[PDB]
Every structure is written in C-alpha cells, then in structure tokens.
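Right, one structure below, let's go through it.
FYI, the numbering just counts along the sequence from 1. What you see below is based on every heavy atom in this structure, not just the backbone, and it leaves out hydrogens, waters and symmetry mates. Counting convention: from 1, in listed order, for ligands and their atoms alike.
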Amino acid sequence: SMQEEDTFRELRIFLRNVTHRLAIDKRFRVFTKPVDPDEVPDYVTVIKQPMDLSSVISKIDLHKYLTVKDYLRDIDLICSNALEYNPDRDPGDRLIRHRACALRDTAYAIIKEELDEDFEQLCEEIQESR
Ligand SMILES: Cc1cc2ccnc(N[C@@H]3CCNC[C@H]3OCC3CCCCC3)c2[nH]c1=O
C-alpha cells in the first residue's frame, strides 16, 4: 500500500542520513569507497563480500534494505572484513581495526539514539508479510 511505501521511504531517508554522517567523518575515509585492486591485489581473493559506504548508499537507493537490521548487517560486514584482512600487530593494521570498530560503534550509537523502536518494529512486520 501507499502507507507501506511511505514507511520504506522514511527508512531510506533515515539510512542515507546515518550513512552520510559516517562518510564525512575523517576516521572512516578508508571505508568510503571500494578497495582499488591495483593497490591491494589479494583483497578480492581474501574478502569474499567486499562492502563500503558508497555501496551501502547504492543499496539504499536500490531498495535493498527493508529494515534497520538489514542495514546494520552491512555495517557489521564493513567492520568484520577489516578485522579479517588486517589481523596483524603492525600499527597500520591496528589503526584500521580501531577505525572499523569505531565505525560500527558509531552507527549503532546513532541508531540507538535516533531510531524509534516502534518504527523499526513496523518495518520488520511489513517485511515478514512480504
Ligand atoms: C579497506 C582496506 C583498505 C586498505 C588499503 C591499504 N592497505 C590495507 N591493508 C594493509 C595490509 C598490510 N598492513 C597494512 C594495511 O594498511 C593499513 C592502512 C590502511 C589505510 C588506512 C591506514 C592504515 C587496506 N585494508 C583494508 O581493509
């Protein structure tokens, strides 16, 4: 119905706003775009489902997220990919792991403060009837 389409449009507006606020944070610049295969050749072989904030924005616009839970699975993916690909004790690896965890904690914190729980429940109940 039109009311269900209104609900998903509001969701999309909310998710774009959250993603924009992550994307403009200097700490998270490394997660804003896909990894360049020329700079990092083995990334594509090691990381089976790459994810980045530009991809997330594309998925919002393609209507791929019908709940905030689905959205947070891709934010979690951005984080777990970074922890998987950069596991070493070296400062570079430790810096990106720290930023990846900050990205994840920041996304969850914005959602905790600004997502109405009854709005998320509505989205879930529409998706389960789809
Ligand atoms: C998403 C992503 C990008 C990336 C770019 C370059 N290098 C990476 N990994 C390196 C592996 C070897 N140890 C050093 C690592 O680079 C740490 C840098 C990454 C850019 C931000 C400052 C620290 C990359 N790994 C990735 O997961």
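Between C123 and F8, the shortest heavy-atom contact is O-CE2, 4.5 Å. Between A23 and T32, the closest heavy-atom pair is O-CG2, 3.6 Å.
Shown here is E117, whose CD atom has no more than 12 heavy atoms of other residues, nucleotides or ligands within 6.0 Å. In the displayed structure, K112 atom NZ is contacted under 6.0 Å by at most 12 heavy atoms of other residues, nucleotides or ligands. Annotation for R16: atom CZ counts as buried by contact number, over 12 foreign heavy atoms lying within 6.0 Å.
No side-chain donor-acceptor contact under 3.5 Å links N86 to the backbone of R97.
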Distances under 3.5 Å, N/O of ligand 1 against N/O of the protein: list each pair and its distance.
from     : atom 1 : to  : atom 2 : distance (Å)
ligand 1 : 9 (N)  : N86 : OD1    : 3.0
ligand 1 : 13 (N) : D93 : OD1    : 2.6
ligand 1 : 25 (N) : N86 : OD1    : 3.0
ligand 1 : 27 (O) : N86 : ND2    : 2.9

